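Participant: One structure, as structure tokens, below. Some questions next.
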Amino acid sequence: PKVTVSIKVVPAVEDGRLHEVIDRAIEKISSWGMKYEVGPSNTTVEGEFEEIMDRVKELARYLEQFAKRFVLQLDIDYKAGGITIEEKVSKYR
Amino acid sequence: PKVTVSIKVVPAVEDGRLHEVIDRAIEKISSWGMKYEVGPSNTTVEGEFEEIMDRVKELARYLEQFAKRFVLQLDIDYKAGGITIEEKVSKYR
Amino acid sequence: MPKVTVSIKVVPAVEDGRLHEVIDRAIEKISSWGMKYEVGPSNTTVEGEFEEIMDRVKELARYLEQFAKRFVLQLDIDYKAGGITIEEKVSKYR
Amino acid sequence: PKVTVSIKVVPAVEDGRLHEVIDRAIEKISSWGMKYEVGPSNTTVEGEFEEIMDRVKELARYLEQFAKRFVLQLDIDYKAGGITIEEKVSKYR
């Protein structure tokens, strides 16, 4: 199935670099070719679950060059038969 | 100084009724008078920290009439001197 | 009478080498609340009355700003009408 | 180098079925052979990042037989050179 996965990076860097590491994470996520939405606290991608999990492997390795330590959080909405961003939000927009 | 607080409610109810509990939470959050944004995974409010914490107390009691069991998650971005939704997202918008 | 559990995670925007002092102060502060608590690898879980914990969280945030000008603070609340406890969720495994 | 990954499952089922789905998840996690710790809110594994991400793919598919909709949350502590459960908790135990 197609699912949604919200991704948050919290790097262990001095706060003046915080936003920058996050920008690299967002840019990387945007390269995946999947529908995505940047929010105030996370970035949500919509796509096939196993592909996203593989992309998350690449994202973590990529982020090492910018931050030696970071928290990476995934919030997955897993639904048999699929769930999309629009099904979750369109009613409130 | 403001903070952002992203709020996620995950009720223990059959999938068919998920959307209803969430609707009520979003409706209640919209009543607070604070700037807010509904995302696919959470709803983010911007405002004064202690007031938001008091509003969260009210939200949880309110939700109990719709779901007897739920997960409530707050992701708070706390910055001395304040932080806003725009400072976090506007460059992607 | 009804309790909730609330797991608390602090992630400070400080260099890796200072992460642990902020977290230590957070844990020390949580332990002063008098509530049953358990420190885990990723968070610290308290069991107690919901509104009291929310008020303690207000104090926690103010307290922590001395040690870190910017931090993420995450709460994961298990809310159950009539109450839920740590033991009801983990005793099976311990 | 290891990471720690804290896993939370929140199924969209009635409250009476909730702890059961979670037990199935914990049992499956225990089959991975990795050091793990069950807590009140999540179960933390320590091991190699990419292997854990592949086990998470299997976990989601497995859980589908019990709950057709669920939230699955990963909180990953990622450190250059590795990080362990003991490094994170042993000071407070």
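Read the figures in this text as sums done on the coordinates, not as results from a lab. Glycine gets a Cβ as well: all are built from the backbone with ideal geometry, and neighbour counts include every protein chain shown.
Participant: I want to check the label-to-label distance for residue D:54 and residue B:23. Put each point 7 Å from Cα in the C-beta direction and report it in nm to one decimal.
Facilitator: With each label placed 7 Å out from Cα toward Cβ, I get 4.5 nm.
Participant: Follow-up. Tell me, which longest segment in chain D has none of the GluC sites (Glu not before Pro) that fall in DSSP loops with at most 16 further Cβ atoms within 10 Å?
Facilitator: Looking at chain D, D:15-47 is the longest stretch - no exposed GluC sites (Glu not before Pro) with at most 16 other Cβ atoms within 10 Å.
Participant: I'd like the trypsin sites (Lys or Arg not before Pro) in segment B:13-87 restricted to DSSP loop residues with at most 16 other Cβ atoms within 10 Å, sorted by number.
Facilitator: Listed in order of number, the matching sites are B:35, B:68.
Participant: Extent of the protein assembly as shown along each principal axis, from alpha carbon coordinates, in Å, largest to smallest?
Facilitator: 49, 46, 46
Participant: Okay, moving on. Straight-line reach from residue A:35: which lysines fall under 17 Å, measuring Cα to Cα and dropping same-chain residues less than 8 apart?
Facilitator: The qualifying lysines are A:2, A:8, A:88.
Participant: Summarise the long-distance tail of P(r) for segment B:21-93 by giving the % of C-alpha pairs beyond 15 Å.
Facilitator: 58 percent
Participant: Now for a different question. Between residue C:91 and residue C:16, what length comes free when the chain is fully extended (0.36 nm per residue of separation minus the Cα-Cα distance, one decimal in nm)?
Facilitator: 23.6 nm
Participant: Quickly work out the residue A:80-to-residue D:32 label distance, labels modelled 7 Å from Cα along the C-beta direction, and quote it in nm with one decimal.
Facilitator: If labels sit at residue D:32 and residue A:80, their model points lie 2.4 nm apart.
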